[PDB]
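[1] structure, please.
(10 chains, ligands or ions: 6)
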There are 10 protein chains.
Amino acid sequence: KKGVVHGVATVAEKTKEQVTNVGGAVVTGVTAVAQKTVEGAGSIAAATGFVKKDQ
Amino acid sequence: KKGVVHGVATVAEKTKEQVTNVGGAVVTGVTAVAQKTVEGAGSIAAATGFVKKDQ
Amino acid sequence: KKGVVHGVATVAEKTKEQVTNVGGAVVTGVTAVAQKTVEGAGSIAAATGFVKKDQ
Amino acid sequence: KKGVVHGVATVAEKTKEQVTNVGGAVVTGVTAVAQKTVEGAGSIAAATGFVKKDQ
Amino acid sequence: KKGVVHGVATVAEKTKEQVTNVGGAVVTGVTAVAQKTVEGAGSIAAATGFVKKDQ
Amino acid sequence: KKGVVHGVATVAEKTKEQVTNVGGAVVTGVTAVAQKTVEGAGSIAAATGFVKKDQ
Amino acid sequence: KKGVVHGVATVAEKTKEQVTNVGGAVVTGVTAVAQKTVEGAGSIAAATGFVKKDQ
Amino acid sequence: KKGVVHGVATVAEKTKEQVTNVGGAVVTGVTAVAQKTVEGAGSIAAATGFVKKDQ
Amino acid sequence: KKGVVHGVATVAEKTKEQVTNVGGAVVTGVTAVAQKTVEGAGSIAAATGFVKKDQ
Amino acid sequence: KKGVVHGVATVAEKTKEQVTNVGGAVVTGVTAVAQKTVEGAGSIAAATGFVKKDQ
Ligand SMILES: Cc1cc(-c2ccc(/N=N/c3ccc4c(S(=O)(=O)O)cc(S(=O)(=O)O)c(N)c4c3O)c(C)c2)ccc1/N=N/c1ccc2c(S(=O)(=O)O)cc(S(=O)(=O)O)c(N)c2c1O
Ligand SMILES: Cc1cc(-c2ccc(/N=N/c3ccc4c(S(=O)(=O)O)cc(S(=O)(=O)O)c(N)c4c3O)c(C)c2)ccc1/N=N/c1ccc2c(S(=O)(=O)O)cc(S(=O)(=O)O)c(N)c2c1O
Ligand SMILES: Cc1cc(-c2ccc(/N=N/c3ccc4c(S(=O)(=O)O)cc(S(=O)(=O)O)c(N)c4c3O)c(C)c2)ccc1/N=N/c1ccc2c(S(=O)(=O)O)cc(S(=O)(=O)O)c(N)c2c1O
Ligand SMILES: Cc1cc(-c2ccc(/N=N/c3ccc4c(S(=O)(=O)O)cc(S(=O)(=O)O)c(N)c4c3O)c(C)c2)ccc1/N=N/c1ccc2c(S(=O)(=O)O)cc(S(=O)(=O)O)c(N)c2c1O
Ligand SMILES: Cc1cc(-c2ccc(/N=N/c3ccc4c(S(=O)(=O)O)cc(S(=O)(=O)O)c(N)c4c3O)c(C)c2)ccc1/N=N/c1ccc2c(S(=O)(=O)O)cc(S(=O)(=O)O)c(N)c2c1O
Ligand SMILES: Cc1cc(-c2ccc(/N=N/c3ccc4c(S(=O)(=O)O)cc(S(=O)(=O)O)c(N)c4c3O)c(C)c2)ccc1/N=N/c1ccc2c(S(=O)(=O)O)cc(S(=O)(=O)O)c(N)c2c1O
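    Residues are numbered from 1 along each chain as shown, chains lettered A, B, ... in the order given. Ligands and ions are numbered 1, 2, ... in the order given. See below for the structure:
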């Protein structure tokens, strides 16, 4: 076989899960957050996949 | 077989899940948030997939 | 087989779920948010798939 | 076989999971956060995959 | 076979899991955080994969 | 002060919430159920406060 | 002060929450259930407060 | 002070939370269940407070 | 002071939390369950407070 | 002071937490379970407080 990509690719066979991202956010997984009190200014309480590039 | 992509592709066979994103947000997964009190200015309480690029 | 894409594609066979996004938001998954009090100015309380690019 | 990529690629066969990211965040895994009180200004309470590049 | 990449690639066969990242965050693994009280200003309580490059 | 009860009482001062039950069911709290498919004969899918005393 | 009860009482002062139960079920708390598929005959999927006394 | 109870009592002062139960179930706490597939006959998937006295 | 109980009592002062139970189940605490697949016949997957007295 | 109990009592002063149980189950504590696959017939996967007296 032959393949040429510029990116971003994701090429496969017999594949149970696939995610391609440029951005941005993708949530595909099981996630449970239980929480009782959030205070403070300002605290990232429960972050799973996170990116902060403030300018 | 032969394939040429510019991106972003996602090419496959026999594949249970697929996500392609440029952006942007995609939520395809099970997610449960239970929460009782959020305060503060300003706190990211429960973030799963998150991207902040303020300018 | 043969395939040429410019992107963004999502090409497959025998595939249970598919999402293609450029944007933008796509919500296809099970999601439960239970919440009791949100305060503060301004706090992202419960974000699942999120993108903030304010200029 | 033959392959030429510019990146970022992810090329495979017989592959159970795949993630390609440029960004950005991708959450595909099981995650449980249970939490009772978050205070302080400002404390990253529970971070799993995290990136902070404030300027 | 032949392959030329610019990076970042991830090329394989018969491969159960794959992650490619430039960024950014990717969470694909099982993760359980149980927590009772977070205080202080400001303390990284429970960080799994973490990167802080404040300027 | 003086108090004599037979039960079931609930006596208080300065009290934000109160529930008295003999029965029976009382639902006063925030509750979110999101659900996609229920099958089987017969499975209690998502029960929060539950009592089964079949004879 | 003086108090005589037969039960079940709940006597207090300056008290934020109160529940008295004989039964029966009382749900006063924040609860989030997100769920995608329930099968089997018969499986208690997600039970929070539960009592089964079949005869 | 003086107190005589038969039970079940719960007597207090300056008390943030109170639960009295004979039964029966009481759910007053924050609870998040996220779940993707339940099978089998019959498996208690996620039980928090649970009592089974089948005869 | 003087007190005579038959049980079950719970007598206190200046007390943040109280639970009295005869039964039965009481859930007052923060709880997060994230789960991806439950199979088998029949397996207690995730039990927190649990009592099984089948006859 | 004077006290006579039959049991089960729990008598105190200046006390942050209290639990009295006859039964039965009480869950008051922070608990996080993250889980990816449960199989087998039948395996107690993750048990925190547990009692099995099958007859
Ligand atoms: C036990 C056993 C199993 C198999 C076997 C099982 C499954 C299977 N393919 N399954 C598929 C497939 C596809 C699915 C697809 S798709 O077609 O890709 O689209 C989709 C989807 S879905 O997304 O819609 O959910 C699926 N669910 C698919 C799926 O489930 C296959 C192929 C095979 C095979 C063998 C097997 N057991 N073999 C032996 C063989 C020998 C055994 C021997 S002996 O000494 O050799 O006589 C003895 C003993 S004993 O001492 O313990 O009694 C045994 N137990 C022996 C034994 O068990
Ligand atoms: C037990 C056993 C199973 C199979 C087997 C099972 C499934 C299967 N394909 N399943 C598919 C497929 C497709 C689905 C598709 S699609 O077509 O892709 O669109 C879609 C969808 S859906 O999205 O609509 O849900 C699906 N659900 C699909 C799906 O479920 C296949 C192919 C096979 C095979 C074998 C098998 N057991 N074999 C043996 C073989 C031998 C055994 C032996 S022996 O020593 O060899 O005599 C002994 C013993 S014993 O000692 O334990 O009694 C055994 N148990 C033995 C035994 O079990
Ligand atoms: C148990 C067993 C099963 C199969 C098997 C099962 C399913 C199947 N295909 N299923 C499909 C398919 C398609 C669906 C499609 S579609 O067509 O793709 O559009 C759509 C949809 S939907 O979206 O509308 O829901 C579906 N639901 C589809 C679906 O469900 C297939 C293909 C197969 C096969 C074998 C099998 N068991 N085989 C053996 C084989 C041997 C066994 C042996 S022996 O030693 O070899 O004699 C012994 C023993 S024992 O000791 O335990 O008694 C056994 N149990 C043995 C045994 O079980
Ligand atoms: C900072 C500070 C606060 C207090 C204080 C605060 C609150 C308060 N009572 N609050 C209540 C009450 C009731 C509510 C009721 S109810 O009436 O029960 O029905 C209901 C409800 S509601 O259900 O409707 O929501 C409420 N929300 C109620 C409520 O909020 C009270 C009583 C007090 C007190 C003091 C205080 N700070 N004192 C000092 C004292 C000294 C300080 C000193 S010094 O060395 O001693 O000079 C220095 C410094 S510095 O170096 O940091 O500048 C300080 N910061 C100092 C300082 O902060
Ligand atoms: C820092 C400091 C604090 C206190 C203090 C703080 C709180 C307080 N009572 N709080 C209550 C109370 C009730 C609440 C109630 S209720 O009334 O029971 O219903 C309800 C509820 S609620 O359920 O509605 O949420 C509440 N939230 C209640 C609550 O918050 C009290 C009583 C006190 C006291 C002192 C204090 N600091 N003292 C000193 C004292 C000296 C210090 C000295 S010195 O050498 O002695 O000059 C030096 C220095 S320095 O070198 O670091 O600058 C200091 N920092 C010094 C200092 O900090
Ligand atoms: C900082 C400080 C605080 C207090 C203080 C704070 C709170 C308070 N009572 N709060 C209550 C109460 C009731 C609430 C009620 S209820 O009335 O029970 O119904 C209800 C409810 S609600 O359910 O509706 O939400 C509430 N929220 C209630 C509540 O919040 C009280 C009583 C006190 C007290 C002192 C205090 N700080 N003192 C000092 C004292 C000295 C300090 C000194 S010095 O060396 O001694 O000069 C130095 C320094 S420095 O070096 O750091 O500048 C200090 N910081 C010093 C200092 O901080």
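[2] only C-alpha atoms from now on, for both contacts and neighbour counts.
    OK.
[3] I figured residue A:30 hits residue D:31, correct?
    Yes: the criterion here is C-alpha atoms under 8 Å, and residue A:30 meets it with residue D:31 at 6.4 Å.
[4] what touches both of those two?
    Residues touching both residue A:30 and residue D:31 (C-alpha atoms under 8 Å, 6 or more residues apart in numbering or on different chains) are residue I:34.
[5] let me see the contact set for residue A:26.
    Shown in contact with residue A:26 (C-alpha under 8 Å, 6+ apart): A:19, B:21, B:25, B:26, B:27, B:28, B:49, C:49, D:25, D:26, D:27.
[6] among those, which one has the most neighbours?
    Neighbour counts for the contacts of residue A:26 (other C-alpha atoms under 10 Å in any protein chain shown) peak at residue D:26, which has 37 neighbours.
[7] who does that residue bridge with?
    residue A:26, residue E:26 (DSSP bridges).
[8] ok, now how distant is residue A:16 from chain C?
    Distance, residue A:16 to chain C, by C-alpha to the nearest C-alpha, to the nearest Å: 9 Å.
[9] how about residue A:3?
    10 Å.
[10] tell me which element that residue falls in.
    Per DSSP states H and E: residue A:3 is located in strand A:2-4.
[11] anything in that strand near chain E?
    No: judged by C-alpha under 8 Å from any C-alpha of the partner chain, strand A:2-4 stays clear of chain E, getting no closer than 9.8 Å.
[12] same check on stretch A:41-54?
    Yes: Stretch A:41-54 is in contact with chain E by C-alpha under 8 Å from any C-alpha, via A:48, A:49, A:50, A:51.
[13] switch those over to JSON lines; also include distance to chain H and secondary structure.
    Listed next are those as JSON lines, based on distance: C-alpha to the nearest C-alpha, whole Å; DSSP: H, G, I helix; E, B strand; the rest coil:
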{"residue": "A:48", "distance to chain H": "15", "secondary structure": "strand"}
{"residue": "A:49", "distance to chain H": "17", "secondary structure": "strand"}
{"residue": "A:50", "distance to chain H": "20", "secondary structure": "coil"}
{"residue": "A:51", "distance to chain H": "24", "secondary structure": "coil"}
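[14] which of the residues you listed count as buried?
    Neighbour-count burial (16 or more other C-alpha atoms under 10 Å in any protein chain shown) is assigned, among the residues of stretch A:41-54 next to chain E, to A:48, A:49, A:50, A:51.
[15] quick one: which two of these are the most distant?
    Based on C-alpha to C-alpha, the longest span within these runs between A:48 and A:51 and measures 9.9 Å.
[16] ranges for the strands of chain A?
    For chain A, the strands defined by DSSP state E cover A:2-4, A:19-20, A:25-27, A:31-34, A:46-49.
[17] tell me the buried residues in stretch A:41-55?
    For stretch A:41-55, by 16+ other C-alpha under 10 Å, it's A:41-54.
[18] mind putting the residues you listed in TSV, distance to chain C included?
    Output for the buried residues of stretch A:41-55, formatted as TSV (distance: C-alpha to the nearest C-alpha, whole Å):
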residue	distance to chain C
A:41	9
A:42	8
A:43	10
A:44	10
A:45	10
A:46	10
A:47	10
A:48	10
A:49	10
A:50	10
A:51	10
A:52	10
A:53	10
A:54	9
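[19] state the pair within those residues that is farthest apart.
    Every pair of the buried residues of stretch A:41-55 checked by C-alpha to C-alpha; the farthest is A:41 and A:49, at 20.6 Å.
[20] kindly report the residues of chain A close to chain I.
    Applying C-alpha under 8 Å from any C-alpha, we find that chain A lies next to chain I at A:30, A:31, A:32, A:33, A:34, A:35, A:36.
[21] most neighbours among the residues you listed, which one?
    Most surrounded of the residues of chain A next to chain I: other C-alpha under 10 Å gives residue A:31, at 37 neighbours.
[22] between the residues of stretch A:41-54 next to chain E, which is nearest residue H:13?
    Lowest distance from residue H:13 to the residues of stretch A:41-54 next to chain E (C-alpha to C-alpha) belongs to residue A:48, with 40.4 Å.
[23] which residues does the closest one contact?
    For residue A:48, the contacting residues are B:47, B:48, B:49, D:27, D:31, D:47, D:48, D:49, D:50, E:27, by C-alpha under 8 Å, 6+ apart.
[24] just name the closest of the residues you listed to chain I, please.
    Distance ranking of the contacts of residue A:48 against chain I, using C-alpha to the nearest C-alpha, places residue D:31 first at 6.1 Å.
[25] quickly list what that closest one is bridged to.
    Beta bridges link residue D:31 to residue A:31, residue E:31, judged by DSSP bridges.
[26] look up how far residue G:34 lies from it.
    Here the criterion is C-alpha to C-alpha, to the nearest Å. By it, residue D:31 lies 14 Å from residue G:34.
[27] one more: residue A:4?
    Using C-alpha to C-alpha, residue A:4 is found at 41 Å from residue G:34.
[28] try residue A:27
    Remark: distance between residue A:27 and residue G:34 (C-alpha to C-alpha) = 15 Å.
[29] likewise for residue A:32?
    To residue G:34, residue A:32 is 9 Å away according to C-alpha to C-alpha.
[30] which residues do the two both contact?
    B:31, B:32, H:33, H:34.
[31] give me the contacts around the strand holding residue A:3.
    For strand A:2-4, the surrounding residues in contact (C-alpha under 8 Å, 6+ apart) are B:1, B:2, B:3, B:4, B:5, D:1, D:2, D:3, D:4, D:5.
[32] who wins for neighbours among those residues?
    residue D:5 (25 neighbours).
[33] re the thing from before, will you turn the contacts of strand A:2-4 into a markdown table that also has distance to residue E:10?
    Below are these laid out as a markdown table (distance: C-alpha to C-alpha, whole Å):
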| residue | distance to residue E:10 |
| --- | --- |
| B:1 | 20 |
| B:2 | 19 |
| B:3 | 17 |
| B:4 | 17 |
| B:5 | 17 |
| D:1 | 15 |
| D:2 | 14 |
| D:3 | 12 |
| D:4 | 12 |
| D:5 | 10 |
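[34] nearest to residue J:12 among those residues?
    Nearest to residue J:12 among the contacts of strand A:2-4: residue D:5, at 70.6 Å, using C-alpha to C-alpha.
[35] pretty sure that closest one contacts residue E:6?
    Yes: contact criterion C-alpha under 8 Å: residue D:5 and residue E:6 qualify, at 6.6 Å.
[36] how close does residue A:39 get to residue I:20?
    According to C-alpha to C-alpha, residue A:39 and residue I:20 sit 30 Å apart.
[37] which of those two has more residues huddled nearby?
    Per other C-alpha under 10 Å, whichever of residue A:39 and residue I:20 has more neighbours is residue I:20, with 29 against 25.
[38] distance of the more buried one relative to residue G:9?
    Per C-alpha to C-alpha, residue I:20 is found 11 Å from residue G:9.
[39] was I right about residue A:44 contacting residue B:44?
    Yes: using C-alpha under 8 Å, residue A:44 is in contact with residue B:44, at 4.8 Å.
[40] now the phi/psi pair for residue A:10, please.
    Note on residue A:10: backbone dihedrals following degrees, to the nearest 10 are phi -160, psi 100.
[41] so who does it touch?
    Residues near residue A:10 by C-alpha under 8 Å, 6+ apart: A:18, A:19, A:20, B:9, B:10, B:11, D:9, D:10, D:11, D:18, D:19, D:20.
[42] since that was my last question, I'll sign off now.
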